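Working notes for the structure below.
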Amino acid sequence: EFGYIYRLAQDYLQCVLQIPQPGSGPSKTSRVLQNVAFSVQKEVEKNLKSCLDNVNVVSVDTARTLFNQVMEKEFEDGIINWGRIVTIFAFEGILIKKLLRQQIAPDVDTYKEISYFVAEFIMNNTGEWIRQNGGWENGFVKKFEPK
Ligand SMILES: *CCC(=O)N(c1ccc(O[C@@H]2CC[C@@H](N)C2)cc1)[C@@H](C)c1ccc(C(F)(F)F)c(C#N)c1
């Protein structure tokens, strides 16, 4: 459900921003996701450096527009797979790093807005495929957890 996906998206943004939230800590799914998505994010940052250096992410609306353009390109052939879902989180990590650095009126309460639209996209466009492929615990974690 939305709340579950929003918590994954929020946890990943907090991981990239170096602000882990105090308390019981991230779930097993979140821990596995942070590891795989961060690895994909680092690869994307290097491989698409010229492409990422040409944008100025001055606002949440600018980040939303950029994210939608990436999603149209990522899923243009209509196929969904777990590697593509991990790539969504990798792009939200890149967007929050650019927003911290380039946002016009830096607003600490706008990192949750990026997490929100990423969760809306995941739920609306990939949610049914995720559920049919086992959800996060029986699908995602089984595929990507350490061997
Ligand atoms: C380089 C083209 C470009 O400026 N661009 C863009 C980046 C990435 C894709 O598609 C991904 C790579 C190929 C597929 N696997 C998906 C498409 C277009 C823009 C729209 C862009 C630049 C920078 C960012 C950044 F992350 F830095 F904020 C985004 C985003 N989000 C998009």
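In the structure tokens, each chain is lettered A, B, ... as it comes, each chain's residues begin at 1, and ligands are numbered from 1 in order of appearance.
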
Exercise. Would you list the residues that come within 6 Å of ligand 1? Count only C-alpha atoms and all ligand atoms and give the answer as a ChimeraX atom specification.
Key: /A:51-52,55,66-67,69-70,73-74,91,94-95

Keeping only N, CA, C and O atoms, write the selected residues as a tab-separated table (two decimals), in the first residue's frame.
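Generated output (selection_21.tsv):
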chain	number	residue	atom	x	y	z
A	51	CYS	N	24.95	14.52	-18.42
A	51	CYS	CA	23.53	14.66	-18.48
A	51	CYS	C	22.99	15.28	-17.16
A	51	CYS	O	22.19	16.22	-17.21
A	52	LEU	N	23.51	14.84	-15.99
A	52	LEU	CA	23.08	15.37	-14.69
A	52	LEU	C	23.65	16.77	-14.43
A	52	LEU	O	22.98	17.58	-13.81
A	55	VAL	N	21.48	20.19	-15.66
A	55	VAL	CA	20.22	20.59	-15.07
A	55	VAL	C	20.47	21.39	-13.77
A	55	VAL	O	21.51	21.22	-13.16
A	66	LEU	N	11.51	16.68	-14.11
A	66	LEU	CA	12.68	15.89	-14.50
A	66	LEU	C	12.42	14.41	-14.25
A	66	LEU	O	12.68	13.58	-15.13
A	67	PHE	N	11.89	14.06	-13.07
A	67	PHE	CA	11.58	12.69	-12.70
A	67	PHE	C	10.61	12.07	-13.72
A	67	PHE	O	10.87	10.97	-14.18
A	69	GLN	N	10.14	12.82	-16.86
A	69	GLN	CA	10.88	12.62	-18.10
A	69	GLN	C	11.73	11.35	-18.03
A	69	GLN	O	11.84	10.62	-19.01
A	70	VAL	N	12.36	11.10	-16.87
A	70	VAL	CA	13.16	9.88	-16.70
A	70	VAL	C	12.25	8.68	-16.72
A	70	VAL	O	12.57	7.71	-17.38
A	73	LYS	N	11.14	7.65	-20.24
A	73	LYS	CA	12.23	6.99	-20.94
A	73	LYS	C	12.50	5.59	-20.37
A	73	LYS	O	12.71	4.65	-21.13
A	74	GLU	N	12.50	5.46	-19.04
A	74	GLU	CA	12.79	4.18	-18.39
A	74	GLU	C	11.79	3.07	-18.77
A	74	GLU	O	12.19	1.92	-19.01
A	91	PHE	N	17.12	7.35	-9.00
A	91	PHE	CA	16.89	8.71	-9.52
A	91	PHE	C	16.34	9.67	-8.44
A	91	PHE	O	16.73	10.84	-8.42
A	94	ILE	N	19.38	10.90	-6.66
A	94	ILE	CA	20.11	11.92	-7.43
A	94	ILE	C	19.37	13.28	-7.33
A	94	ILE	O	19.98	14.33	-7.14
A	95	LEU	N	18.04	13.25	-7.46
A	95	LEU	CA	17.23	14.45	-7.41
A	95	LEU	C	17.36	15.15	-6.06
A	95	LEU	O	17.51	16.36	-6.05

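Using only C-alpha atoms, the nearest neighbour of residue A:105 within the list A:41, A:132, A:14, A:59 is A:59.
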
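For residue A:29, the residues within 9 Å (counting only C-alpha atoms, excluding itself and residues fewer than 3 positions away along the chain) are residues 8, 26, 32, 33, 34, 136, 137, 140, 141 and 145 of chain A.
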
Got time to write the residues from that selection, C-alpha atoms, as a CSV table (one decimal), in the first residue's frame?
chain,number,residue,atom,x,y,z
A,8,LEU,CA,10.7,3.0,1.6
A,26,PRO,CA,14.7,0.6,8.8
A,32,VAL,CA,18.2,-4.4,1.3
A,33,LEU,CA,16.8,-1.6,-1.0
A,34,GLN,CA,19.2,1.1,0.3
A,136,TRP,CA,8.4,-6.3,-1.3
A,137,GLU,CA,9.0,-9.2,1.1
A,140,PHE,CA,11.9,-7.8,-3.9
A,141,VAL,CA,13.7,-9.1,-0.8
A,145,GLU,CA,18.8,-10.0,-0.3

Exercise. Enumerate the residues of chain A with a DSSP assignment of helix (DSSP H, G or I), computed from the backbone, and present them as number ranges by chain.
Key: A: 2-16, 28-47, 49-52, 60-74, 82-102, 108-132, 135-144

Exercise. Excluding residue A:16 and residues on its chain fewer than 6 positions from it, collect all residues at most 12 Å away from it, counting only C-alpha atoms, and give them as a list in words.
Key: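 Everything that qualifies: residues 9, 10, 34, 35, 37, 38, 39, 41, 42, 89, 90, 91, 92, 93, 94, 95, 96, 97, 98, 100 and 111 of chain A.
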
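You will find atom CA of residue A:125 at 15.1 Å from atom CA of residue A:83.
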
Find the spatial neighbours of stretch 114-123 of chain A, counting only C-alpha atoms, within a cut-off of 9 Å - ignore same-chain residues fewer than 4 positions away - and output them as an mmCIF file with N, CA and C atoms, in the first residue's frame.
data_model
loop_
_atom_site.group_PDB
_atom_site.id
_atom_site.type_symbol
_atom_site.label_atom_id
_atom_site.label_comp_id
_atom_site.auth_asym_id
_atom_site.auth_seq_id
_atom_site.Cartn_x
_atom_site.Cartn_y
_atom_site.Cartn_z
ATOM 1 N N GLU A 1 0.809 -1.216 0.000
ATOM 2 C CA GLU A 1 0.000 0.000 0.000
ATOM 3 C C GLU A 1 0.856 1.287 0.000
ATOM 4 N N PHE A 2 0.237 2.451 -0.255
ATOM 5 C CA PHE A 2 0.956 3.733 -0.285
ATOM 6 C C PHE A 2 1.895 3.980 0.881
ATOM 7 N N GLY A 3 1.416 3.804 2.108
ATOM 8 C CA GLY A 3 2.219 4.062 3.300
ATOM 9 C C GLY A 3 3.520 3.282 3.330
ATOM 10 N N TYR A 4 3.439 2.002 2.927
ATOM 11 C CA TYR A 4 4.602 1.120 2.873
ATOM 12 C C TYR A 4 5.623 1.657 1.859
ATOM 13 N N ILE A 5 5.162 2.027 0.644
ATOM 14 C CA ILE A 5 6.049 2.528 -0.421
ATOM 15 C C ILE A 5 6.632 3.898 -0.057
ATOM 16 N N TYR A 6 5.814 4.751 0.556
ATOM 17 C CA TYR A 6 6.245 6.069 0.994
ATOM 18 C C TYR A 6 7.339 5.935 2.054
ATOM 19 N N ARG A 7 7.237 4.953 2.957
ATOM 20 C CA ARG A 7 8.254 4.732 3.983
ATOM 21 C C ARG A 7 9.550 4.269 3.316
ATOM 22 N N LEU A 8 9.466 3.413 2.280
ATOM 23 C CA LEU A 8 10.696 2.998 1.576
ATOM 24 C C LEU A 8 11.341 4.208 0.905
ATOM 25 N N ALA A 9 10.540 5.031 0.237
ATOM 26 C CA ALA A 9 11.073 6.179 -0.493
ATOM 27 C C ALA A 9 11.695 7.214 0.440
ATOM 28 N N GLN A 10 11.076 7.410 1.608
ATOM 29 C CA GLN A 10 11.535 8.333 2.653
ATOM 30 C C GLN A 10 12.837 7.851 3.263
ATOM 31 N N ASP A 11 12.902 6.549 3.618
ATOM 32 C CA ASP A 11 14.083 5.927 4.205
ATOM 33 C C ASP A 11 15.256 6.108 3.239
ATOM 34 N N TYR A 12 15.021 5.869 1.926
ATOM 35 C CA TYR A 12 16.125 5.981 0.964
ATOM 36 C C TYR A 12 16.631 7.429 0.882
ATOM 37 N N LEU A 13 15.719 8.404 0.872
ATOM 38 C CA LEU A 13 16.111 9.801 0.831
ATOM 39 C C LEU A 13 16.915 10.176 2.091
ATOM 40 N N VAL A 60 10.877 21.763 -6.167
ATOM 41 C CA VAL A 60 10.189 20.481 -6.200
ATOM 42 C C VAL A 60 9.461 20.300 -7.546
ATOM 43 N N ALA A 63 11.980 19.262 -10.019
ATOM 44 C CA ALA A 63 12.349 17.857 -9.762
ATOM 45 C C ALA A 63 11.246 16.919 -10.274
ATOM 46 N N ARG A 64 9.974 17.294 -10.073
ATOM 47 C CA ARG A 64 8.847 16.490 -10.553
ATOM 48 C C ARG A 64 8.883 16.350 -12.063
ATOM 49 N N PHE A 67 11.891 14.064 -13.071
ATOM 50 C CA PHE A 67 11.576 12.686 -12.696
ATOM 51 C C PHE A 67 10.607 12.065 -13.722
ATOM 52 N N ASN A 68 9.528 12.791 -14.119
ATOM 53 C CA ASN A 68 8.566 12.263 -15.104
ATOM 54 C C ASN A 68 9.197 11.981 -16.455
ATOM 55 N N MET A 71 11.106 8.743 -16.039
ATOM 56 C CA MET A 71 10.170 7.608 -16.000
ATOM 57 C C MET A 71 9.595 7.273 -17.384
ATOM 58 N N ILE A 85 12.557 -0.961 -11.112
ATOM 59 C CA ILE A 85 11.999 -0.373 -9.883
ATOM 60 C C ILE A 85 13.138 0.162 -8.991
ATOM 61 N N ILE A 88 14.241 3.637 -10.087
ATOM 62 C CA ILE A 88 13.361 4.738 -9.663
ATOM 63 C C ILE A 88 13.919 5.378 -8.389
ATOM 64 N N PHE A 89 14.269 4.548 -7.390
ATOM 65 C CA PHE A 89 14.828 5.011 -6.124
ATOM 66 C C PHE A 89 16.180 5.663 -6.372
ATOM 67 N N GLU A 92 15.521 9.162 -7.481
ATOM 68 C CA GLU A 92 15.098 10.052 -6.392
ATOM 69 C C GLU A 92 16.303 10.467 -5.517
ATOM 70 N N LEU A 95 18.044 13.246 -7.460
ATOM 71 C CA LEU A 95 17.229 14.455 -7.409
ATOM 72 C C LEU A 95 17.359 15.152 -6.059
ATOM 73 N N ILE A 96 17.334 14.402 -4.936
ATOM 74 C CA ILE A 96 17.454 15.061 -3.621
ATOM 75 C C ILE A 96 18.831 15.669 -3.421
ATOM 76 N N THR A 110 10.770 19.942 2.280
ATOM 77 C CA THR A 110 10.436 19.601 0.896
ATOM 78 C C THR A 110 11.094 18.275 0.439
ATOM 79 N N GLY A 127 2.642 -0.661 -9.071
ATOM 80 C CA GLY A 127 2.086 -1.341 -7.902
ATOM 81 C C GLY A 127 1.453 -2.688 -8.181
ATOM 82 N N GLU A 128 0.715 -2.790 -9.285
ATOM 83 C CA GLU A 128 0.048 -4.067 -9.608
ATOM 84 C C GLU A 128 1.065 -5.124 -10.008
ATOM 85 N N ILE A 130 4.172 -5.152 -8.981
ATOM 86 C CA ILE A 130 4.892 -5.517 -7.751
ATOM 87 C C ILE A 130 4.127 -6.583 -6.977
#

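Residues with any atom within 9 Å of residue A:129, counting only C-alpha atoms and excluding same-chain neighbours fewer than 6 positions away, are residues 80, 81 and 135 of chain A.
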
Quiz item: From the list A:75, A:146, A:82, A:22, which residue is nearest residue A:133 when using only C-alpha atoms?
Solution: A:82
